[PDB]
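Asker: A single structure is presented below for examination.
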Amino acid sequence: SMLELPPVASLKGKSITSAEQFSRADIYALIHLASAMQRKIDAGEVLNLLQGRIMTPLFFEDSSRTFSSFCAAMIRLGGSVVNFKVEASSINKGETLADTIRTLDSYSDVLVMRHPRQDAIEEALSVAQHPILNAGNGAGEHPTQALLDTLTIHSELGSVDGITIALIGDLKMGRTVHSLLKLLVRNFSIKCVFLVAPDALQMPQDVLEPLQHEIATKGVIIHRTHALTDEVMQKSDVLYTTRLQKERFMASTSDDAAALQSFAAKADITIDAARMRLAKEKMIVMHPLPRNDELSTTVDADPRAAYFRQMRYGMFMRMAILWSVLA
Amino acid sequence: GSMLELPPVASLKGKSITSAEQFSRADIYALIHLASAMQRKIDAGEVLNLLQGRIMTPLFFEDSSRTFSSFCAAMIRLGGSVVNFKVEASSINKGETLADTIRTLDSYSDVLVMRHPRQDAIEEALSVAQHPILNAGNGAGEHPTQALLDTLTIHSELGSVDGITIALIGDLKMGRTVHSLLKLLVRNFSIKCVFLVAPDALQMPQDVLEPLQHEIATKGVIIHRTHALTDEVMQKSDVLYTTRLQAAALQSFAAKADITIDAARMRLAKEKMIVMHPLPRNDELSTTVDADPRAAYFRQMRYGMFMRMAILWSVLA
Amino acid sequence: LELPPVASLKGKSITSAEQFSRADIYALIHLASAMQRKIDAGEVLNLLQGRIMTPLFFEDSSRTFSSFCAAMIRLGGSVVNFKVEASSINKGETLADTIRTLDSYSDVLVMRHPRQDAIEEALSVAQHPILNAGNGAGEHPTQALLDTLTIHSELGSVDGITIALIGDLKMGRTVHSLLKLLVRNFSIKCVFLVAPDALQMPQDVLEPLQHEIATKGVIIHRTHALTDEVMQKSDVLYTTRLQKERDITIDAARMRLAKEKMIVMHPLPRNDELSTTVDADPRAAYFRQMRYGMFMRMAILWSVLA
Ligand SMILES: N[C@@H](CC(=O)O)C(=O)O
Ligand SMILES: N[C@@H](CC(=O)O)C(=O)O
Ligand SMILES: N[C@@H](CC(=O)O)C(=O)O
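Chains as they are written, first to last, in PDB author numbering: chain B, 0 to 326; chain A, -1 to 244, 256 to 326; chain C, 2 to 247, 267 to 326.
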């Protein structure tokens, strides 16, 4: 209870759209703030930092973790939430996205927006007076997931510089791995990244190209594979795996069918207890969730399974973010 | 010192809100001044604890963005709480009736906010409820709190409500907002002129106009029906209040372009006037108007929150 | 201070009527009464400020969802409004993973599920207490507690009553928990089981109770009708709806046969088994029952999270 909760001043009043916005020092300030929030909350302390402030969720596509995490974080800061549901709104009388933004912006202090269109967040930004926090924009980015994933690595392993990390699964559509790769390469001295995915679902060039300067000058090693090889298993300090983003492959064309099929047919990427016999002693398995069969329930009892603790780090990072934006 | 800064409107204490007809001119002004004061405190960053421990339950049988969210935000900004009941996930799917649903919410709540597709639904709810019910829209009947926030908007933007010329535009037949607004303005203020701008099949109902004939006569209000935003409607109106289309189809189509407000049509409007829309809008109110200082239909929603604070506080004080 | 939590419930999941002792039930009853006095006098409680309940409803509710949230709020607590329809279940997430998810952020989970054994599977992974708000045709333990608060407050005594349990007793999770709670912890004079044969109280509820039934000498009679005898002797007529998703009507005419001092109860919602003509009778306790439910849920949440 003697710990301060200094807001991160550079976040004040700003929208959060991309992992690109953050400096290394922003990241560590949010990490220590989140960690102090965790200590206070776990000790049973009641925070009243955002009394009388309102978050409104605008979720134009589904969420459990993200919506609930954000609501919980707001509440644990003493904040409030208006439970707006897009599916039961005047969008059903033809209301536009822009008008819907202005509508909840009339009542709220912060908007949390998730949308299947990558450019919808920009549209919202151009009409909103209050900050908007990007909780996922199609296959674009998920910048607060990247921050909490980094809190997880820091808290679990004790260090982010020097790690070897595998990014596994649907890298093409994974807004989580897009933001995470950006945030780690821009701001830390990463030893090596394994990009583990079948050919069709590899990390996009529009993510890798902007990073090419920093990759080359910081000496980050980048290796593509289509499988969890013995080498990937033995060298990785972090195995970060992801779900096939099937709802992004809905055009019913021969290509979407072949891309959907590649996860199981063009790659060997399942993590289970058999495969975990190859891992380091000091390493963690992470997954943004939800998972399907790429991450077996046989790993759940393993102490290196960090994907449940990841969600709780998530709540505290979101608290740190909300307090900083709104202080 | 909240009785100096935020005194509740006594006449509203513990009462249900169902119709624009139930308010006096003094009621309206007291709500306006209270709403202005709520706004000043909230905008200054001050945190209100007036309704801590009190619960509002929204009971929305129709879709809403403004009215649902507005009411929740207003309750929360008063320090109160909201129980997020949703009809579609409720025991109504086990054959439960409307009176029983009301009694249920009534056992937990301090105030109910009800929107329903049927006009007589409020009367049924009232006959059974022990706590106040606020009518958030009853079929094609009324929307009494929209009429209050609309009046707050006029008052705050133009300085005065007496003496205005207002056009009510669009689907006046099914528009519960214009039914409530026409009643609140004509009953309580001295309006100079109302233009009722609609194709014939969607004109203002007689059941709204006939009970008003006495106030119309005593105050000498001028009422003109048009099927277009004519040069004259555009030149004389202090307020253009337009609405979304909710024989009627054919007349609507034929009139659409003539009742559309866009930047080209605004070249004929007064320098000092406002465009209002309770929202949501479709094509009858062009996005080309959004940058015009006279476009008041976004600020109108924020006035709504403060007016709803004023209402909730007066009801529950 | 004036609202001592029930110590035995601290940090515990609530899954069955069986887990309560008579002393537990009375401590909750007196706590719920004290909570009701403070709330009805206008006092604001701040007991659970900063604590979160997440409802996890895999089926429809009106009363149960609302009264849990209202109770939480009136203790000063907060609610995270998780929806199953708008969630990552649609992306393929399992029930266990869903539980772990709400568990990362919440202090207490309130779970309702069409599968009888989903609550057990939930408990095997949750760190925080789960309150069973109804598991299939199994139990509804907090309904049985509020029903007993209702009987206590309305009649003054639970020992000695004659109670009729009426309707769909086979699928009625409410009458399962309530029979268990009454028979184990009180000395009931007589239970009428009023149901057609196909919907009678199940053997898996009656058999575990046979020892208590026999040693307290509870009378148990099965009928398929609300006979004049049931009507004249019952202190409580507890009636229920046909559980469709899985001569008994009470109307003003039938009520001419009831005692002066008795109550009609119904967990709700009702269909035509309980006529609107009964609603203005002072013995119609089924609306007041919902309000006792809110206070008993306050006593429960406070005791769980103190
Ligand atoms: N829940 C995360 C990961 C996923 O959906 O697979 C997201 O929305 O991006
Ligand atoms: N939102 C207003 C007007 C409209 O729907 O167009 C109402 O609910 O009545
Ligand atoms: N509402 C009670 C009784 C019923 O549904 O009829 C239950 O959930 O079990």
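Using N, Cα and C, we set each Cβ at its ideal position, and we do this for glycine too.
Considering only C-alpha positions, which residue in the set B:84, B:111, B:176, B:95 is nearest to residue 72 of chain B?
Answerer: By one-based count along the first sequence, residue 72 of chain B stands at place 73. Closest option to residue 72 of chain B, Cα to Cα, is B:111.
Asker: How would you call residue 262 of chain A, buried or exposed, if buried means at least 16 neighbouring beta carbons within 10 angstroms?
Answerer: Within the second sequence, numbered from 1, the residue matching residue 262 of chain A stands at position 253. Its Cβ having fewer than 16 others within 10 Å, residue 262 of chain A is exposed.
Asker: Do you know how far the Cα of residue 221 of chain B is from the Cα of residue 85 of chain B?
Answerer: Position 86 of the first sequence holds residue 85 of chain B. Position 222 of the first sequence holds residue 221 of chain B. Taking the straight line from one Cα to the other gives about 41 Å.
Asker: Taking three-plus beta-carbon pairs below 8 Å as touching, is the region 314 to 322 of chain C in contact with the region 35 to 50 of chain C?
Answerer: A contact exists between the region 314 to 322 of chain C and the region 35 to 50 of chain C.
Asker: Against chain B, with Cβ distances strictly below 9 Å, would residue 101 of chain C count as a contact?
Answerer: To locate residue 101 of chain C, count along the third sequence from 1; it is residue 100. At least one chain B Cβ lies under 9 Å of residue 101 of chain C.
Asker: Could you round the C-beta distance between residue 298 of chain C and residue 268 of chain C to whole angstroms and report it? I think they count as a contact, below 8 Å.
Answerer: As a working mapping, residue 298 of chain C is identified with position 278 in the third sequence. As a working mapping, residue 268 of chain C is identified with position 248 in the third sequence. With a Cβ gap of about 13 Å, residue 298 of chain C and residue 268 of chain C do not count as contacting.
Asker: Are the CB atoms of residue 133 of chain C and residue 21 of chain C nearer to each other than 9 Å?
Answerer: Residue mapping note: residue 133 of chain C aligns to position 132 of the third sequence, counting from 1. Residue mapping note: residue 21 of chain C aligns to position 20 of the third sequence, counting from 1. No, they are not a contact pair.
Asker: What do you reckon, is the C-beta of residue 21 of chain A under 8 Å from a heavy atom of ligand 4?
Answerer: Among the ligands modelled here, namely ligand 1, ligand 2 and ligand 3, ligand 4 does not occur.
Asker: Does residue 172 of chain A have its Cβ less than 9 Å from a Cβ in chain B?
Answerer: If you number the second sequence from 1, residue 172 of chain A lands on position 174. No, residue 172 of chain A does not count as interfacial toward chain B.
Asker: Got a sec? Which residues, its chain only, sit under 7 Å from residue 258 of chain B by beta carbon, not counting five neighbours each side?
Answerer: Along the first sequence, one-based indexing puts residue 258 of chain B at 259. Same-chain partners within the cutoff: 199, 200, 248.
Asker: Of the choices C:180, C:210, C:36, C:118, whose alpha-carbon is the least far from that of residue 167 of chain C?
Answerer: Along the third sequence, read from residue 1 onward, the residue named residue 167 of chain C stands at position 166. Looking at the Cα atoms, C:180 is the closest of the given residues.
Asker: Short check: CB of residue 277 of chain B to CB of residue 102 of chain C, under 9 Å?
Answerer: Within the first sequence, residue 277 of chain B is the residue found at index 278, counting from 1. Within the third sequence, residue 102 of chain C is the residue found at index 101, counting from 1. No, the Cβ-Cβ distance between residue 277 of chain B and residue 102 of chain C is not below 9 Å.
Asker: As an exercise, report each continuous beta strand (DSSP E) stretch of at least 3 residues that is fully enclosed by the region 130 to 183 of chain A, in chain order.
Answerer: If we require 3 residues or more, the beta strand (DSSP E) runs fully inside the region 130 to 183 of chain A come out as 131 to 136, 163 to 167.
Asker: Between the region 71 to 88 of chain A and chain C, which residues of the former have a C-beta closer than 7 Å to a C-beta of the latter?
Answerer: So the list reads 79, 81, 82, 83, 87, 88, given in the order they occur along the chain.
Asker: Here's a check: name, in chain order, each residue in its chain whose Cβ is nearer than 8 Å to the Cβ of residue 60 of chain A, leaving out the five neighbours to either side.
Answerer: Position 62 of the second sequence, counted from the first residue, corresponds to residue 60 of chain A. 113, 114, 115, 135, listed in sequence order.
Asker: Going along chain C in order, which residues have a C-beta closer than 7 Å to the C-beta of residue 291 of chain B?
Answerer: Here the question's residue 291 of chain B lines up with position 292 in the first sequence. Those within 7 Å of residue 291 of chain B in chain C are 93.
Asker: With distances taken Cα to Cα, identify the nearest neighbour of residue 172 of chain B among B:182, B:160, B:203.
Answerer: For this step, residue 172 of chain B is matched to residue 173 along the first sequence. Ranking the options by Cα distance to residue 172 of chain B, first place goes to B:203.
Asker: For chain A, check one thing: does any of its Cβ atoms lie closer than 9 Å to the Cβ of residue 274 of chain C?
Answerer: Looking up residue 274 of chain C in the third sequence gives position 254. It does not; no Cβ of chain A falls within 9 Å.
Asker: Of all the CB atoms in chain A, is at least one closer than 9 Å to the CB of residue 61 of chain B?
Answerer: Stepping through the first sequence from its first residue, residue 61 of chain B is reached at position 62. With 9 Å as the cut-off, residue 61 of chain B does not count as an interface residue toward chain A.
Asker: Quick one: is the Cβ of residue 174 of chain C within less than 8 Å of any heavy atom of ligand 3?
Answerer: Residue mapping note: residue 174 of chain C aligns to position 173 of the third sequence, counting from 1. Yes, the beta carbon of residue 174 of chain C sits closer than 8 Å to at least one heavy atom of ligand 3.
Asker: Examine ligand 3 and report whether any of its heavy atoms sits within less than 8 Å of the Cβ of residue 92 of chain C.
Answerer: In the third sequence, residue 92 of chain C corresponds to position 91, counting from 1. It does not: the Cβ of residue 92 of chain C is nowhere closer than 8 Å to a heavy atom of ligand 3.
Asker: Look at residue 12 of chain C and residue 142 of chain C and say whether their C-beta atoms are less than 9 Å apart.
Answerer: In the third sequence, counting from the first residue as 1, residue 12 of chain C sits at position 11. In the third sequence, counting from the first residue as 1, residue 142 of chain C sits at position 141. Going by C-beta atoms, residue 12 of chain C is not nearer than 9 Å to residue 142 of chain C.
Asker: At a cut-off of 8 Å, would you count residue 141 of chain C as near ligand 3, judging by its Cβ distance to the nearest heavy atom?
Answerer: Residue numbering aside, residue 141 of chain C sits at position 140 when the third sequence is read from its first letter. Result yes, Cβ under 8 Å from ligand 3.
Asker: Would you say residue 163 of chain C reaches chain B, if we count a Cβ-Cβ gap shorter than 9 Å as a contact?
Answerer: Numbered from 1 along the third sequence, position 162 holds the residue referred to as residue 163 of chain C. Answer no: the Cβ-Cβ gap between residue 163 of chain C and chain B never drops below 9 Å.
Asker: With three or more beta-carbon pairs closer than 8 Å as the criterion, would you say the region 49 to 58 of chain A touches the region 64 to 78 of chain C?
Answerer: The region 49 to 58 of chain A is in contact with the region 64 to 78 of chain C.
Asker: Is the separation between the beta-carbon of residue 249 of chain A and that of residue 87 of chain B shorter than 9 Å?
Answerer: Chain A lacks coordinates between 244 and 256, the interval that contains residue 249 of chain A.
Asker: Please name the residue, chosen from A:2, A:324, A:15, A:16, that lies closest to residue 35 of chain A on a Cα-to-Cα basis.
Answerer: Here residue 35 of chain A corresponds to residue number 37 of the second sequence, with the count starting at 1. Residue A:2 is the option with its Cα nearest to residue 35 of chain A.
Asker: Exposed or buried, what is residue 6 of chain C when buried is set at 16 or more other beta-carbons lying within 10 Å of its beta-carbon?
Answerer: Walking along the third sequence from the start, residue 6 of chain C turns up at place 5. With 16 or more Cβ atoms within 10 Å of its Cβ, residue 6 of chain C is classed as buried.
Asker: Taking DSSP's pairing of strands, which residues face residue 238 of chain A in a bridge?
Answerer: Your numbering for residue 238 of chain A matches position 240 in the second sequence. Answer is A:165, A:284.
Asker: Between the C-alpha atoms of residue 322 of chain C and residue 74 of chain B, what's the straight-line distance to the nearest angstrom?
Answerer: Mapped onto the third sequence, residue 322 of chain C falls at position 302. Mapped onto the first sequence, residue 74 of chain B falls at position 75. Looking at the two C-alpha atoms, the distance is approximately 19 Å.
Asker: Consult DSSP for residue 119 of chain B and reduce its assignment to one of helix, strand or coil.
Answerer: The residue given as residue 119 of chain B occupies position 120 in the first sequence. Residue state, collapsed to three classes: helix.
Asker: Which bits of chain A does residue 307 of chain C rub up against, with CB to CB less than 8 Å?
Answerer: Numbered from its first residue, the third sequence carries residue 307 of chain C at position 287. Near residue 307 of chain C (Cβ distances below 8 Å), the residues of chain A are 101, 105.
Asker: Tell me the DSSP secondary structure of residue 267 of chain B in three-state form.
Answerer: For the purposes of this step, residue 267 of chain B is identified with residue 268 of the first sequence, where counting begins at 1. In this structure, residue 267 of chain B counts as strand in the three-state DSSP scheme.
Asker: Give the straight-line distance between the Cα atoms of residue 228 of chain B and residue 236 of chain B, rounded to the nearest whole angstrom.
Answerer: Residue mapping note: residue 228 of chain B aligns to position 229 of the first sequence, counting from 1. Residue mapping note: residue 236 of chain B aligns to position 237 of the first sequence, counting from 1. Distance between the alpha carbons of residue 228 of chain B and residue 236 of chain B is about 14 Å.
Asker: Taking its Cβ as the centre, do 16 or more other Cβ atoms sit within 10 Å of residue 279 of chain C, making it buried, or is it exposed?
Answerer: Translated into the one-based positions of the third sequence, residue 279 of chain C becomes position 259. Answer is exposed; the Cβ neighbour count stays below 16.
Asker: So the candidates are C:182, C:194, C:232, C:121; which of them puts its Cα closest to the Cα of residue 209 of chain C?
Answerer: One-based indexing of the third sequence puts residue 209 of chain C at position 208. Of the candidates C:182, C:194, C:232, C:121, the one whose C-alpha sits nearest the C-alpha of residue 209 of chain C is C:182.
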